[PDB]
Amino acid sequence: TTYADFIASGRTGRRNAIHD
Amino acid sequence: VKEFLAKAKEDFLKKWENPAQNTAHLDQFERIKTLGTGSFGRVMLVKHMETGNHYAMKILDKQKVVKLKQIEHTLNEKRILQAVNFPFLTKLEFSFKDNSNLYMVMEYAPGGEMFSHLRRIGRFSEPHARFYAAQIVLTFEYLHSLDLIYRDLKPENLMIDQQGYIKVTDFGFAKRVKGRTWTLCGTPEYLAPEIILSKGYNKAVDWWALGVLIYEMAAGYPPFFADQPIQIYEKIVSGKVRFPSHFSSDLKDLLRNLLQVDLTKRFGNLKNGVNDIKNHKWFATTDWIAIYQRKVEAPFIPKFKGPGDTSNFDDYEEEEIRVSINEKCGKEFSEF
Ligand SMILES: O=S(=O)(NCCNCCOCc1ccc(Cl)cc1)c1cccc2cnccc12
């Protein structure tokens with residue numbers, strides 16, 4: 001499932017802002 | 001609305017052109033607990049001794065700000081925040097600086113971040129999602145009228161207050177710009193295709209980001225995710241989103257018009273502006289004035305257990321706040 005794929009991903013925690 | 005906004009603008013412009021500066025000092029606050037950390041600073045819960053009010057004090061290390069080329073962005077943050085005034089915006093109460101650091105003392109939300117509750121609970125129902133989204137729609141209408149682009153909508157940046165209403169925080173990328181701007185900034189999952197493809201962009205990227213948020217709130221995951229940012233940018237730029245089977249017809253159609261790569265067709269960006277969003281069928285239950293008034297009952301209210309309880313926040317390791325006996329970067333931050 002898509003939920004399963006998300007929860008298994010490395011990006012379920014707080015996501016950092018990015019900048020150049 | 002037009003009238004409200006006109007007067008809103010008069011209020012903003014006066015503070016914009018004559019910003020508050022140096023309205024407190026570090027020794028006026030007792031430092032309690034770290035509520036969040038970033039590359040060039042942290043935020044701590046603090047107590048204002050004179051009032052016994054609790055605040056979230058953002059502390060930025062000037063040298064690290066300078067290292068990361070975030071000087072102008074940081075000046076934008078303080079200058080914009082001191083000037084704005086809106087129910088769903090966290091208030092900047094005081095700002096000051098010392099030899100080492102910059103400080104912004106803002107209104108504390110013990111309810112924690114949306115992110116925390118969304119991840120734990122899994123997903124929000126459409127009405128629940130719709131209630132938050134309404135407050136974002138109104139907040140951007142407000143900010144955009146002042147020529148401000150926000151540039152970091154995400155659940156991590158939305159606080160839940162004691163009435164279960166939201167406060168938008170984190171104005172580090174907010175900018176007053178009348179034309180196009182070009183900085184690559186934001187959060188990967190939330191970036192409009194314009195940004196990724198290094199075009200000049202405008203306030204339409206906030207409307208795209210709104211689309212990402214609504215989706216994430218209602219699905220429980222984002223429309224575009226992968227293990228690495230590059231894989232995310234590919235997905236975003238492909239122009240393809242799959243919606244959960246549980247998404248209503250109206251929701252999907254609102255999201256198609258928000259997550260629209262084509263700017264002439266992206267909602268919020270059209271001839272009819274924010275009303276394209278506001279008069280959409282998904283929002284037909286929304287009383288916009290009652291939302292602004294905070295009269296709608298919140299679908300979820302944070303568990304309260306003290307004005308300075310921190311149980312809705314994660315634990316971070318503490319570190320000394322050290323102030324050098326020498327002034328660092330005085331010139332870079334002269335106007336702060
Ligand atoms: O920063 S907060 O602790 N929480 C918002 C979190 N934003 C998401 C990512 O930020 C990580 C981060 C934290 C601090 C700095 Cl200086 C850089 C990056 C915060 C800010 C403003 C007002 C608040 C009111 N109450 C609680 C927390 C508040």
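In each ligand, atom 1 is the first atom listed, and ligand 1 is the first ligand listed. So that the names make sense, note that chain A is the first sequence line, chain B the second, and so on, each numbered from 1.
For atom 4 (N) of ligand 1, the closest heavy atom belonging to the protein is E113(B) OE2, 3.4 Å. Of the protein's non-hydrogen atoms, the one nearest atom 1 (O) of ligand 1 is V43(B) CG2, 3.5 Å. At the shortest separation from atom 23 (C) of ligand 1 among protein heavy atoms lies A56(B) CB, 3.5 Å. Considering only non-hydrogen protein atoms, atom 21 (C) of ligand 1 sits nearest to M106(B) CE, 3.5 Å. Of the protein's heavy atoms, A109(B) N, 3.1 Å lies nearest to atom 25 (N) of ligand 1. When only non-hydrogen protein atoms are considered, atom 18 (C) of ligand 1 lies nearest to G38(B) CA, 3.5 Å. Nearest non-hydrogen protein atom to atom 9 (C) of ligand 1 is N157(B) OD1, 4.0 Å. Ranking the protein heavy atoms by distance from atom 6 (C) of ligand 1 puts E156(B) O, 3.2 Å first.
Ligand 1 lies out of reach of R14(A), whose nearest heavy atom is not under 4.0 Å from it. A heavy-atom separation below 4.0 Å is found between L60(B) and ligand 1. Heavy-atom separations between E107(B) and ligand 1 include at least one value shorter than 4.0 Å.
Distances below 4.0 Å separate heavy atoms of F313(B) from the following atoms of ligand 1: 26 (C), 27 (C). Short contacts between ligand 1 and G41(B), defined as distances under 4.0 Å to a heavy atom of the residue, involve ligand atoms 15 (C), 16 (Cl).
The closest non-hydrogen atom to atom 20 (C) of ligand 1, taken over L81(B), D161(B), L35(B), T169(B), comes from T169(B).
Counting heavy atoms closer than 4.0 Å to ligand 1, residue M159(B) contributes side-chain atoms (C-beta onward) but none from N, CA, C or O.
Residue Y108(B) has no N or O atom closer than 3.5 Å to an N or O atom of ligand 1. For a threshold of 3.5 Å applied to N or O pairs, the pair formed by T37(B) and ligand 1 contains no separation below that value. Between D170(B) and ligand 1, at least one pair of N/O atoms sits closer than 3.5 Å.
For the pair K278(B) and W288(B), the distance from NZ or CZ to the six-membered ring centre is under 6.0 Å and the angle to the ring normal is within 45 degrees. With a 6.0 Å cutoff to the six-membered ring centre and a 45° limit on the axis angle, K97(B) does not count as a cation-pi contact of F336(B).
Panel note: side chain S334(B), backbone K331(B); no donor-acceptor pair is recorded below 3.5 Å. A side-chain donor-acceptor contact under 3.5 Å links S248(B) to the backbone of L251(B).
A salt bridge is absent between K78(B) and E335(B): the closest approach of a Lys/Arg side-chain nitrogen to an acidic carboxylate oxygen does not fall below 4.0 angstrom. With respect to the salt-bridge test (charged N to carboxylate O, under 4.0 angstrom), the residues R176(B) and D147(B) qualify.
Taking the six-membered ring wherever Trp is involved, the centroid distance between the rings of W207(B) and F140(B) falls below 6.0 Å. In this structure, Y3(A) has its ring center at least 6.0 angstrom away from the ring center of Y221(B). Checked against a 6.0 Å centroid threshold, the rings of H48(B) and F94(B) count as neighbours.
Residues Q135(B) and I291(B) have side chains in contact (heavy-atom distance under 4.5 Å, counting atoms from C-beta outward). Put simply, the side chain of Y103(B) does not reach to within 4.5 Å of the side chain of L60(B), judged on heavy atoms.
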